[PDB]
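Student: need a 3D model of the following:
(one chain, ligands or ions: 9)
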Amino acid sequence: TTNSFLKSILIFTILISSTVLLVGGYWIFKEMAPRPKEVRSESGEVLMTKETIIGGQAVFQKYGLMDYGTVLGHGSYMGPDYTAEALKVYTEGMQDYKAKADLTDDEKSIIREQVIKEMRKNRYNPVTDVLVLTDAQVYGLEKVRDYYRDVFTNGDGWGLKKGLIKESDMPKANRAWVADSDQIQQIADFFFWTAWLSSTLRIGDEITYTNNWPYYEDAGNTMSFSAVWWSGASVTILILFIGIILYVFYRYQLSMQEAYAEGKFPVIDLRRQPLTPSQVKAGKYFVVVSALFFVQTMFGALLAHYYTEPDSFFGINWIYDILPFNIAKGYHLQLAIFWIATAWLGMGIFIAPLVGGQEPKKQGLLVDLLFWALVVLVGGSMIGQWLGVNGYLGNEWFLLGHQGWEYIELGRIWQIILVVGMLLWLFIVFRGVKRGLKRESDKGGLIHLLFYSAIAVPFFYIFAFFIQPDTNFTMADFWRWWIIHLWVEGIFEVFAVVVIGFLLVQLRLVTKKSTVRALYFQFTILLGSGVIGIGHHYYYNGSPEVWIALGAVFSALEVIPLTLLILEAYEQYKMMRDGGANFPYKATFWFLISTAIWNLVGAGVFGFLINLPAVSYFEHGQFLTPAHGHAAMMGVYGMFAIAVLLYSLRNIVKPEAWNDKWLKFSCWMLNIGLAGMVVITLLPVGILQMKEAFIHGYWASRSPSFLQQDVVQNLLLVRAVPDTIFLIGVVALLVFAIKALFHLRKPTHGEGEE
Ligand SMILES: CCCCCCCC/C=C/CCCCCCCC(=O)O[C@H](COC(=O)CCCCCCCCCCC)COP(=O)(O)OCCN
Ligand SMILES: CCCCCCCC/C=C\CCCCCCCC(=O)O[C@H](COC(=O)CCCCCCCCCCC)COP(=O)(O)OCCN
Ligand code: HEM
Ligand code: HEM
Ligand SMILES: CCCCCCCCO[C@@H]1O[C@H](CO)[C@@H](O)[C@H](O)[C@H]1O
Ligand SMILES: CCCCCCCCO[C@@H]1O[C@H](CO)[C@@H](O)[C@H](O)[C@H]1O
Ligand SMILES: CCCCCCCCO[C@@H]1O[C@H](CO)[C@@H](O)[C@H](O)[C@H]1O
Ligand SMILES: [Ca+2]
Ligand SMILES: [Zn+2]
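Tutor: Numbering: from 1, shown residues only. Ligands and ions are numbered 1, 2, ... in the order given. Structure data below:
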C-alpha cells in the first residue's frame, strides 16, 4: 500500500471533477438556446427551420470561416464576429422598421428604447418547438439576409474573397449537411440565430442565453451581475487555496529530491549508453517536427502580414489565392498541435525500449510504419482542407475536407486515421514498456503512471466524435474544448511531466520515490482545477449562467500549480549547474527552465489577464487572447517539445559532433521573439480593442475598421522585428536538426538486452 492516500486523493479528484463536468455538460445540452423546427412571422409564415439553421452553420464550417472570423466570440480575428455583426444589422433594421437615422436624439432615443423592450423577450414555445418573431424583427432578419449575400458575393472589403459561396460547390440537391435551398440564405439564418439567442432573454431568466454577450447597448446587452460577482469570488477562493496548497506542499515535501550528495553528481557517459534501432529511428522523427515547426511558423509570419496587406503578400498573387488567411490559419493551428504532439510521441518511442530493457521485435518496423502514417495524415488532411474550403469536393467536405471548427479543421476520416495512428503509437509504447510494467510491483509507480497517461493520448481524442455538422453550436463547442483545453493539455501536462520525471530518475538525478509522490500531488491539483476550469470557455458560447461561476472559480485555481514553477525551474537550473560545463543536457534544461517560466508568465499571468468574467465580457474574442495564446502555447508546450527533442537528439548524435552553441542562440532568439511579439504588438493592440469595445460596442472592435486605424497598423507593422527574430531562432533549430542526421550513431544492441 505504498502511496495509498495520494492515490485516493487523485482518484477521488478525477472522479468528482469528471462528474461536475458531465453534469454541467448535461445542463448545457438542456439549457442551451433551441433550434426551433420552424421560426415564423405573426402571419404564421415560416422563414426558418431547424434544418436551415443546421445548414447555415454547415456552410460556415464548409468554407472554414471559423479560421477567418468568429461567432459567439470563438474563431479567428481577421474577420469580424458574425454574431455581434449580424446582431447589429438585425438591430439596426428593427430600428428602421419602427422608425417608420434622421430622427432627433430625443426621438431616436424613444425608438431604440422600443426595440430594446421588444427584442429581449423570449417568444419561443417550449411546448411546441416553434418560435415566432414580430414584424420589426422580420424586417431585421431581411437586412441580415441582404447584408451577408452582399458579403458572401461582393466580399467584406477586408481579406474575404469575393463570391466565395456558390451553389456549384455542392450538388443540385441532396447536399450532405447543408439543406436543399440557397446556401447564403442558410448562413444568414445561422448567423441570425446565434444573434437571436445572444440577445433574447432565457425563459424565466433576466439575462440572455449568452449572459448578455456580446456587449451592445442598442440590444440591451450589458454586463451581468454574475460576471462581476464571480470575478471577485473566484480570486478570493484562489487566495484561499494558494495558502492551503502551499501548506500541503511544504509539509509533505511534495517535490522531487536530489538523489546525489553535495559534489557527488552522477556521471553521464552517453558513449556507453545502450541505443536501439527504434530509438535511432525515432531520431529522424525529431528533424521532421523541426521542419513542421519551421513551416508552422512561416504560416504565422504570413497571417501577421495579412493584417497589414489583406489580399496580398508584398504584391505577389498566387499566395493570397492558394494561401488565404482562413486556410493559412487552419494550417498554423493544425501544424502547431502536429509538431508539438508528435515530438512527444517520438519521445515515447525513444524511451519505450529503455523502460522495458530491450528492443521489441518488429519495433523498427512498426515505428517506421507509424512514421509514414502521420506524414500521410498531415500532407493528406491539409490537401483535404484546401479542396474542401475551395469547393473542389462534394458531400465529402465533412469526411475529407474542412470540418469548420478552429483547432479541429481536419475531416472526420482524417480524424479516424489520427486515432488509429495514436492507437498504433500506444501499442508501440506498450510493446517496449510492457516488461517494465511487469517488473514494477507498485501498480501506481512511475512506469504505471507513465503508461496510464500514455493511453489518455489516443483515448481522450475520441470525444471529438461527439461533434458533427448538425450538433447545436454551444453543445458542439462544449465538446470541442475537451480537445483543446483538456486533451492538448493532457498530452502535455501529464504525459510529458511523467516522462520528464522518468528521465530525471533514470539519469539518477532525483530519487524515484520522491518523484512519483510529486507527480501525484501535481496531477491532483492539475486535474482538480483544470477539468472544471474548462468552463471559462463556456462563459459566453451560449452555455447556462452556471458556468460563469464554475469556470471562473476552477480556472483561477489553475494558477496554483503554476506558482510552484519559477521555483521548480530554479531547482532544475541548480542541478544543471551541479553538472559542470561538461553536463550533457544543458540545451535540454534551458528549454525546460524556459517552459516553467513561460508557464508562469504566458499561461499564468497573460492567461489570467483575460480570465475574469467581468473582463472577458469585453475581451472575449480579441487580440489579448492570441497574446496569451502564443505566450502559453509556444512558451510552454513549444519549449517543452524542443527540450525533449534535443534530449533525444543527444542520445543519438555522436558527442564529438555535438555543439549546443547554436542551441543557446536558438533558445535566446525563440524566447526574445516570443516576448517581443506579445509585448510589442499583441498586448497593446489587445488593450485598444478592449477599450474600443467598452466604448462603442463589441461590434466596433471586431470590424475591419478597427484593424485599419493607423495606431493599430503601426503596432501591427512592428511585429516584424520580433517575428523575424523568432523566425531566426527556429531556422537555427531546423539547421541543427537537419545537419544532425549526418552525424548519427548506429544501434548498439538489437533485439538483445541492456
Ligand atoms: C512578457 C515577458 C515574458 C518573459 C518570458 C521570459 C522567459 C524567460 C526565459 C528564460 C530563459 C531561461 C534559459 C535558461 C536559464 C538558466 C541557465 C542559464 O541561463 O545559464 C546561462 C546560459 O543560459 C542560456 O544560455 C539559456 C538562454 C537564456 C536566454 C534568455 C532569453 C529570455 C529573455 C526573456 C525576456 C525578454 C549561463 O550564463 P549565466 O549568465 O551565468 O546564467 C545565469 C542566468 N540565468
Ligand atoms: C473526465 C476525464 C478527466 C481526466 C481523467 C484521466 C486522467 C489521465 C491522466 C492521468 C491519470 C493517472 C491515474 C493514476 C491513478 C493511480 C491510481 C492507483 O494506481 O491506485 C493503485 C491501483 O491502481 C490500479 O490498480 C489501476 C487504477 C489506475 C489505472 C486505471 C487506468 C487509468 C487510465 C485512464 C486513462 C484513460 C493502488 O494500488 P497500488 O499502489 O497501485 O498497488 C500496490 C502497490 N504496492
Ligand atoms: C513567427 C512566429 C509567429 C507568428 C508571426 C504568428 C502569428 C499568428 C497570427 C497572426 C495569428 C492569428 C490569429 C487570428 O487572428 O485568428 C496566430 C494564431 C495562433 N498562433 Fe501563431 N504565430 C507565430 C508562432 C506560433 C507558434 C510557434 C505557436 C505554437 C506552436 C503558435 C500558436 C498559435 C495559436 C494557438 C494561435 C490561435 C490563437 C487565437 O486565435 O487566439 N504561433 N499566430
Ligand atoms: C500551458 C497552458 C495554457 C495554454 C497552452 C493555453 C492556451 C490557450 C489558447 C491557444 C487560447 C486561445 C483559444 C482560442 O483560439 O479561442 C487560450 C484561451 C484562453 N485561456 Fe489559455 N492556455 C493555458 C493556460 C491558461 C490558464 C492557466 C488560464 C487561467 C488564468 C487560461 C485562461 C484562458 C482564457 C480565459 C481563454 C479565453 C479567451 C477568450 O475567450 O477571449 N489559460 N488559451
Ligand atoms: C492534494 C494534496 C494531497 C496531499 C497528500 C499528502 C499525503 C501525505 O501522506 C503522508 O506522507 C508522510 C511523509 O511526508 C508519510 O510519513 C505518511 O506515512 C503519509 O501518510
Ligand atoms: C462555486 C461554484 C458554485 C456552483 C453552483 C452551481 C449551481 C447549479 O444550480 C443548478 O443550475 C442548473 C442549470 O445549470 C439548474 O437547472 C438547476 O435548477 C440549479 O439548481
Ligand atoms: C532550411 C535550410 C536548411 C539547410 C541545411 C544545410 C545542411 C548542410 O548539412 C551539411 O551538408 C554538407 C554538404 O553540403 C555535408 O558535407 C555535411 O556533413 C552536412 O552536415
Ligand atoms: Ca481563436
Ligand atoms: Zn482553458
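Student: which secondary structure element is home to the residue of the stretch 151-300 of the chain found nearest ligand 3?
Tutor: Nearest residue of the stretch 151-300 of the chain to ligand 3 (Cβ to the nearest ligand atom) works out as residue 300 at 2.7 Å. Using the backbone N, CA and C atoms, a C-beta is placed for each residue, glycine as well. Residue 300 belongs to helix 277-306 when elements are defined using DSSP states H and E.
Student: how far off centre is that helix?
Tutor: 18 Å (Cα atoms, centre = their mean, to the nearest Å).
Student: quick check, that helix touching ligand 7?
Tutor: No. Using Cβ under 6 Å from any ligand atom, helix 277-306 never reaches ligand 7; the gap is at least 6.8 Å.
Student: and that helix with ligand 4, contact?
Tutor: No. Judged by Cβ under 6 Å from any ligand atom, helix 277-306 makes no contact with ligand 4; its nearest approach is 12.7 Å.
Student: and that helix, what does it pack onto?
Tutor: helix 325-356, helix 363-390, helix 639-652, helix 720-738 (3 or more Cβ pairs under 8 Å, 6 or more residues apart in numbering; DSSP states H and E).
Student: what does the protein put close to ligand 3?
Tutor: Counting by Cβ under 6 Å from any ligand atom, the residues of the chain near ligand 3 are 76-78, 297, 300-301, 303-304, 329, 332-333, 336, 340, 625-626, 629-630, 633-634, 638, 723, 726-727.
Student: need the next SSE after the helix holding residue 300, C-terminal direction.
Tutor: Following helix 277-306 in sequence order, the next helix or strand is helix 318-322 (DSSP H and E).
Student: give me the contacts around that following helix.
Tutor: Here helix 318-322 makes contact (Cβ atoms under 8 Å, 6 or more residues apart in numbering) with 302, 306, 311, 312, 313, 386.
Student: what sits against the first one?
Tutor: Think residue 302. Under the criterion of Cβ under 8 Å, 6+ apart, the neighbours of residue 302 are 313, 319, 323, 328.
Student: by neighbour count, which of these wins?
Tutor: residue 328 (24 neighbours; other Cβ atoms under 10 Å).
Student: is it true that that one touches residue 303?
Tutor: Yes. Under the criterion of Cβ atoms under 8 Å, residue 328 makes contact with residue 303 at 5.5 Å.
Student: quick one, the helix holding residue 300 and helix 639-652 angle?
Tutor: For helix 277-306 against helix 639-652, the angle between stretch directions is 140 degrees (axes from the mean of the first three to the mean of the last three Cα atoms, to 10 degrees).
Student: which parts of helix 277-306 are buried?
Tutor: 277-290, 292-294, 296-306 (16 or more other Cβ atoms under 10 Å).
Student: so the closest residue to ligand 7 within the stretch 451-600 of the chain is in which element?
Tutor: Nearest residue of the stretch 451-600 of the chain to ligand 7: residue 587, at 18.1 Å (Cβ to the nearest ligand atom). Assigning secondary structure by DSSP H and E places residue 587 in helix 586-598.
Student: repeat that for residue 231.
Tutor: With DSSP H and E as the test, residue 231 turns up in helix 225-251.
Student: so is that helix next to ligand 5?
Tutor: Yes. Under the criterion of Cβ under 6 Å from any ligand atom, ligand 5 is reached by helix 225-251 at residue 248.
Student: how close does residue 536 get to residue 623?
Tutor: Separation of residue 536 from residue 623 (Cβ to Cβ, to the nearest Å): 18 Å.
Student: residue 430 too?
Tutor: 44 Å.
Student: the more surrounded of these two?
Tutor: residue 623 (27 against 16).
Student: look up phi and psi at the more buried one.
Tutor: Per-residue torsions, residue 623: phi -50, psi -20 (degrees, to the nearest 10).
Student: off-centre distance for the helix holding residue 231?
Tutor: Helix 225-251 sits 25 Å away from the centroid of its parent chain (Cα atoms, centre = their mean).
Student: would you mark the buried spots in it?
Tutor: Per 16+ other Cβ under 10 Å, helix 225-251 contains these buried residues: 226, 227, 230, 231, 233, 234, 235, 237, 238, 241, 245, 249.
Student: and the first one, what is it in contact with?
Tutor: By Cβ under 8 Å, 6+ apart, the contact set of residue 226 is 211, 545, 548, 549, 613.
Student: what of the second one?
Tutor: When contacts are counted by Cβ under 8 Å, 6+ apart, residue 227 touches 211, 539, 548, 613, 614, 616, 617.
Student: which ones among these map onto helices?
Tutor: The members of those that map onto helices under DSSP state H are 548, 613, 614, 616, 617.
Student: now, which of those sits nearest ligand 2?
Tutor: For the ones in helices among the contacts of residue 227, the nearest to ligand 2 is residue 548 (21.0 Å; Cβ to the nearest ligand atom).
Student: quick one: the residue of the stretch 451-600 of the chain closest to ligand 7 and residue 661 touch, right?
Tutor: No. Using Cβ under 8 Å, residue 587 makes no contact with residue 661, being 9.8 Å away.
Student: between those two, who's got more neighbours?
Tutor: Taking other Cβ under 10 Å, residue 587 and residue 661 do not tie; residue 587 has more neighbours (26 against 10).
Student: from residue 576, how far out is that one?
Tutor: Using Cβ to Cβ, residue 587 is found at 10 Å from residue 576.
Student: go on, residue 753?
Tutor: Separation of residue 753 from residue 576 (Cβ to Cβ): 32 Å.
Student: of those two, who's got more company?
Tutor: Neighbour comparison, residue 753 and residue 576: the larger count goes to residue 576, with 18 against 9 (by other Cβ under 10 Å).
Student: host element of the more buried one?
Tutor: Using DSSP H and E, residue 576 falls within helix 566-578.
Student: which other helices and strands contact that helix?
Tutor: helix 586-598.
Student: need the residues of this structure near ligand 2, please.
Tutor: Proximity of the chain to ligand 2 (Cβ under 6 Å from any ligand atom) is limited to residues 2, 7, 10-11, 14, 18, 21, 441-444, 449, 452-453, 455-456, 459, 494, 523, 527, 531.
Student: tell me who's in contact with the residue in the stretch 201-350 of the chain positioned nearest to ligand 1.
Tutor: Using Cβ to the nearest ligand atom, the closest approach of the stretch 201-350 of the chain to ligand 1 is made by residue 265 at 16.2 Å. The contact partners of residue 265, by Cβ under 8 Å, 6+ apart, come to 578, 579, 580.
Student: cutoff 6 Å now
Tutor: 578, 579 (Cβ atoms under 6 Å, 6 or more residues apart in numbering).
Student: same question for residue 361.
Tutor: Counting by Cβ under 6 Å, 6+ apart, residue 361 makes contact with residue 751.
Student: give me the contact list for the helix holding residue 587.
Tutor: Residues from elsewhere that reach helix 586-598 (Cβ under 6 Å, 6+ apart): 565, 568-569, 572-573, 576, 635-636, 639-640, 642-643, 646-647, 660, 663, 667, 671.
Student: ok, now stretch 65-73?
Tutor: Outside stretch 65-73, the residues touching it (Cβ under 6 Å, 6+ apart) are 75-76, 78-83, 194, 325-326, 329-330, 404, 406, 540-541, 620-621.
Student: correct me, but residue 33 touches residue 197?
Tutor: Yes. Residue 33 lies in contact with residue 197 (Cβ atoms under 6 Å); the separation is 3.3 Å.
Student: shared neighbours, these two?
Tutor: What both residue 33 and residue 197 touch, as defined by Cβ under 6 Å, 6+ apart, is the set residue 209.
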